[PDB]
Amino acid sequence: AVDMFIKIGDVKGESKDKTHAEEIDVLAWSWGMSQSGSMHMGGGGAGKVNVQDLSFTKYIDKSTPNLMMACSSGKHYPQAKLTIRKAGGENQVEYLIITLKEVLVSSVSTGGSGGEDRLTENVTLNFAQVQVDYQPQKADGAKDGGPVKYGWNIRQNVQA
Amino acid sequence: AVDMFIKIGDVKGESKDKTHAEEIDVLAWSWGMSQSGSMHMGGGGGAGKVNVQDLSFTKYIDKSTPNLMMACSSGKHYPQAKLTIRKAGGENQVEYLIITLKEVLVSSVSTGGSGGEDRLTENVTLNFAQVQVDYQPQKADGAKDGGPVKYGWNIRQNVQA
Amino acid sequence: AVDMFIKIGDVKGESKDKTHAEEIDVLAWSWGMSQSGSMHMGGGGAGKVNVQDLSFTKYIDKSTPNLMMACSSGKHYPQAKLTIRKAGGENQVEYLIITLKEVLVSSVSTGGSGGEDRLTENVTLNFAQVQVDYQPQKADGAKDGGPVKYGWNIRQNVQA
Amino acid sequence: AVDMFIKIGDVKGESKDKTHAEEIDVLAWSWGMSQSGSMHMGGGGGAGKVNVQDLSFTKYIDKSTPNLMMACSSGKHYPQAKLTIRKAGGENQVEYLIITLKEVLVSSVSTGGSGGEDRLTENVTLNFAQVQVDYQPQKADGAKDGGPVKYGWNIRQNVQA
Amino acid sequence: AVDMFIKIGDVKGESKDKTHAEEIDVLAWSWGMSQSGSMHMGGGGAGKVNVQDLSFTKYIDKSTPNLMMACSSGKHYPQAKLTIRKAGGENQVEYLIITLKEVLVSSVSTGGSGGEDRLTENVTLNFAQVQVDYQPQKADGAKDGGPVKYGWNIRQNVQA
Amino acid sequence: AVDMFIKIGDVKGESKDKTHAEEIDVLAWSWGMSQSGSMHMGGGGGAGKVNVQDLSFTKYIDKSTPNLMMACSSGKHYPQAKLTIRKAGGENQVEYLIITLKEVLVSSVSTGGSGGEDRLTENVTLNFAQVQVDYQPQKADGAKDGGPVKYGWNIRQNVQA
C-alpha cells in the first residue's frame, strides 16, 4: 500500500515518517474536476473547467485545532502539499505530488464512530492554484525520465 | 478503544467511570464546520463565513434522558457541556481531546429500541454559542508532549475565543 | 433483552405477560423531538419544540382491527402507556414508562414479507400530552431513589 | 410460515391449496392507512381524514397474469377480492386474517424475471372502494377464541362499513 | 431456470438455442403498467393505463451495433417477440410469449464492469401494441387448454 | 476476463500489453444512449432525437493522468480515442468490440485513493462529436465469423457516419 502525507503551511501533524516527519498522515483522499465544453455543437461549444476542493482523511492529531481555526477564521495558507509514495519506505519514489497554492480549509468533519482506537476526521481544502507531478518508473522501481506535469491557475483560469 | 464521556450542565448520567462517574457515557459522536470563503476570486475578495454544526452524540437511555427531554422542550440552555475523549487503558490515561461548549441548548433527542437490545440507545444533538477544543499531544511512551493545542471560537459573535 | 408492552385505551392485545396480560407486545419503538431555538443569535433566538409521533412495531393481533378503525374514524383514546421493563420477568423494574394522553392512531402499516411464522405491523400515535418516567436502579437491580420525570403538554406548549 | 392466498373476482390462478385451489398464491403483501388529524390543536379542532393505501402483493407469474393485465389496461373493476392468511399446518388451520375488498381495480402490474429463477414473480396493486378486515383470535391450543374482531370501512363514502 | 429469448425485427443475435437460433439470449427482463383510475370517487373516477417500455438484459453480441443504430435513427421494427420457455430444452412449453408491434429501441446501456468473461448491456423497447400469451400446463408438463391472452393497442387506447 | 484498453490522442499510458503497450489499461467502462421518440403517437408523428452519453472509464493513476487533467482544464480536444475490448487469452485473440471516438474532450477526471490500495484508481469521462462501434462475431472455435458489424453516428450533425 502507498504511503501518503500532507503538509499544510507550517502546521505540524504527528507523522513519524523518516522524511515526512511532523506532516499529517493521510488515510484517504479524493479530488476531481469537470469541463462544461461540448463537442456536439461544432462550428468552433466552449465551456469552462470546474475544479473541486480536495478532500482527505486523517487521524485527529495536533494539527486538528489549527485546521479548525483556519476554517473558522477563513485565513489561507500559502501552500499545501500532498505526497503519495510507493510502498516500501522513504527511499521509494514519490510518484504523485499535488501542490496547492493559496489554501483555505473549507471544512472539517470529525467524530468517533465507536470501537475505535484512533479517531479520524475529514478535511477539505479550497485553493487558487494546483500543480500535479507524476513520476513514471522503470520496471525495477527506478525513475523513468522526468516527471509528467500539470499546472492550473483556477483563480485566473489559465495554465500554470 | 478510546473512552468517551459528556457532562451537560449539572445533569447526572449513569457513567461508572472513576473520573467521570455520573456523567453520560458517549457511544459515538460527530461534529463539523465549513467555510463558504473561496480562493477562486482573488484581489482580496471572496470572503466567507464559518458555519459550525450542532454536536451529535449517542448515549444509552439513562437517568439523564428525561432531563435532556425537558431542556429540549423548554428551550432552556445549560451554562456548559464538556465532551472528554481519553486514550484506552483507564483513568490516568491522557484525556487528549476535550471539547467544551458554552451556552448549550439540547436541539434534538431521538430515542427508541428494538431487539434483542439489553440496553436501549438514543441520539442527542447540542447547539451552543461558543466552543473550545483542547488537544493534548503525547510522546511515544504516552507521556504528555508540551501543552495542549487550542482552538476557541465564539459562534455568536463570529470571533475567536 | 428488555420486555416491552403498550396499553392503548381499553383495547385488548394478546400479551401473555404475567402483569401486562392482554396488552400489546412491542417488538420495537422509536420517538423523538427537536427544538428550533438558536444559541448563535444572542441578545436574549427563541424557538419551539416539535414533538414527533411515537412509532412502534407489534404482531398482527386482536387489536389490529380496532387500531385500524381508530385510524379511519379519527377517534382518540384517553391514554396510551408504553412500558419498558428490564429483562427477567414481572418482578423486574419497569425502568422506562411513557404515557401519552389524547391519543390518535396516525398510521397503521401492515403486511407479510414472506417466510414469516408471525406477521408484524407498524403503528404510529399522535398525542396532546406526554409523560416520561425513568426509574434509576442500584447495582443489584433495586430501585435507586424516585423516578426521574419529564412531562409536556404539546397542545398548550407548557410543561405537565 | 403462514399460508397466503388471494381471490380476485372470478379470475383463476394456479394455487394447488386444498381450500384455495385456483386462487393466486401470495408470496408477500403490504397495505396501510394514515390519518391527517392532529391532537396538537385541541378545542374540538384539528380534525383530519383517513388515507387508505392500495393493497400490494407479490405472486408467481401464472394463468391469472394476462387477465390482471387486461383489467389494469381496461380500468374494469371486479366486484370483490379476498386475501386470506392462514396459520401454518394446512387447510383446517385457522384463517386468522381475512381482508375483503369491494369494487376492485388493478392499479398496477410490475412483472419480469432474472436468474436463475425457475419461477418468475410479479407485483400487483389493488385499488378499492370498501374494505373489511376480519381477525380471528385463538386460544393457546390453536382453537378459536370468541368470534372474529372486525373492521369495515367505506373509503368512497368515508364512513364505517 | 427458464430459458429466455428475444427476436427484434430481422436482427440476428448469437443464440445457439436449437429452436431460437440466432435470436438474442435474454438474461433478465422487466416490464410494467399502471392505471390512474380511482374507486374512491364513485358516481360512475375513470382514468387511463400507462404502459412502460420493456427492459431486457443481453450479452453484447452481433445485434449490438444494429440496436444502437435503431436507437439513434429512431427507426422502428415491425415486431419484437420475447419468449420465456420452461427449463429443459426446446421441446418444453413456451409458457409466456410477449409480442410487441411497432418497436422503437428507446435506450441502450452498455459497458464492462471488470472481471467479466462476457460483457452485458441493457436495452429498452417502446412499442405501439402488446400481446401477452400465457400457456397453462398440467402436472406432467403437458399443455392445459388454450393460452390465456391479453392484447392492447397503446397507440389507440383499446384492446387488441 | 476480457482485456480492455483505451488510446486517447497521442497520450501515453502505462499498459504493458504486447499490442496496446503505452495505451491506458481500462478497468471498467460504461456508455449509453437513449431515444425520446414514441410509438404511442402514430400517424407519422411522435418523432424524437437520440441523446448520446459521454463515455466513462476507470483507469489506474498513471503517466497519462496529468495530461488528461490538462485536457480537461484547457478544453482542448484530441482527434481520436479508441477503446478496444479483446477476448481473454492474449494478443492474437479477437478484438471483438472496438469503439472509436472522434473530436474528443476530457469531460471529467475524478481521482483519489484509500486503503490498502497498492495501485490508486481514477474515473475519466469523454465527450465526443462522432462515434464508431465495430463488433466482430466469432465461430464456435473462436475464428472470425464474417466481417465486423458496424455502427457509426455523427452526434454533432445528428446523422449516420
# chains A, B, ... in the order shown; residues from 1 in each chain; ligands from 1

call {"tool": "residues_around", "arguments": {"residues": "residue 92 in chain F", "least_positions_apart": "6", "cutoff": "10 Å", "atoms": "only C-alpha atoms", "output": "PyMOL selection string"}}
result
chain F and resi 18-19+86

call {"tool": "write_last_selection", "arguments": {"atoms": "N, CA and C atoms", "output": "CSV table (one decimal), in the first residue's frame"}}
result
chain,number,residue,atom,x,y,z
F,18,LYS,N,1.2,-6.5,-25.1
F,18,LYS,CA,2.0,-6.6,-26.3
F,18,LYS,C,1.5,-5.8,-27.5
F,19,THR,N,0.2,-5.7,-27.7
F,19,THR,CA,-0.4,-4.9,-28.8
F,19,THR,C,-0.5,-3.5,-28.4
F,86,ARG,N,-10.9,-7.0,-25.9
F,86,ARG,CA,-10.3,-8.2,-26.5
F,86,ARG,C,-10.7,-9.4,-25.7

call {"tool": "residues_around", "arguments": {"residues": "residue 48 in chain C", "least_positions_apart": "6", "cutoff": "12 Å", "atoms": "only C-alpha atoms", "output": "PyMOL selection string"}}
result
(chain B and resi 71-76+105-108) or (chain C and resi 33-38+154+156-158)

call {"tool": "atom_distance", "arguments": {"atom1": "CA of residue 64 in chain E", "atom2": "CA of residue 2 in chain E"}}
result
23.4 Å

call {"tool": "atom_distance", "arguments": {"atom1": "CA of residue 123 in chain A", "atom2": "CA of residue 58 in chain B"}}
result
22.8 Å

call {"tool": "atom_distance", "arguments": {"atom1": "CA of residue 120 in chain D", "atom2": "CA of residue 20 in chain E"}}
result
20.4 Å

call {"tool": "residues_around", "arguments": {"residues": "range 37-42 of chain F", "least_positions_apart": "6", "cutoff": "12 Å", "atoms": "only C-alpha atoms", "output": "ChimeraX atom specification"}}
result
/E:50-53,70-78,100-107,125-130,152-157 /F:48-51

call {"tool": "interface_residues", "arguments": {"of": "chain A", "to": "chain F", "cutoff": "8 Å", "atoms": "only C-alpha atoms", "output": "MDAnalysis selection string"}}
result
chainID A and resid 1:2 27:42 46:49 86:87 132:136 148:152 158:159

call {"tool": "select_by_dssp", "arguments": {"residues": "range 65-130 of chain D", "states": "alpha helix (DSSP H)", "output": "list in words"}}
result
residues 65, 66, 67, 68, 69, 70, 71, 72, 73 and 74 of chain D

call {"tool": "residues_around", "arguments": {"residues": "residue 58 in chain C", "least_positions_apart": "4", "cutoff": "9 Å", "atoms": "only C-alpha atoms", "output": "number ranges by chain"}}
result
C: 24-28, 119-123

call {"tool": "residues_around", "arguments": {"residues": "range 149-153 of chain F", "least_positions_apart": "4", "cutoff": "9 Å", "atoms": "only C-alpha atoms", "output": "number ranges by chain"}}
result
E: 62-66, 68-69, 72; F: 129-137, 157-161

call {"tool": "select_by_dssp", "arguments": {"residues": "range 73-146 of chain A", "states": "strand (DSSP E or B)", "output": "PyMOL selection string"}}
result
chain A and resi 77-85+96-112+120-134+137+143

call {"tool": "residues_around", "arguments": {"residues": "residue 9 in chain F", "least_positions_apart": "5", "cutoff": "9 Å", "atoms": "only C-alpha atoms", "output": "PyMOL selection string"}}
result
chain F and resi 77-82+104
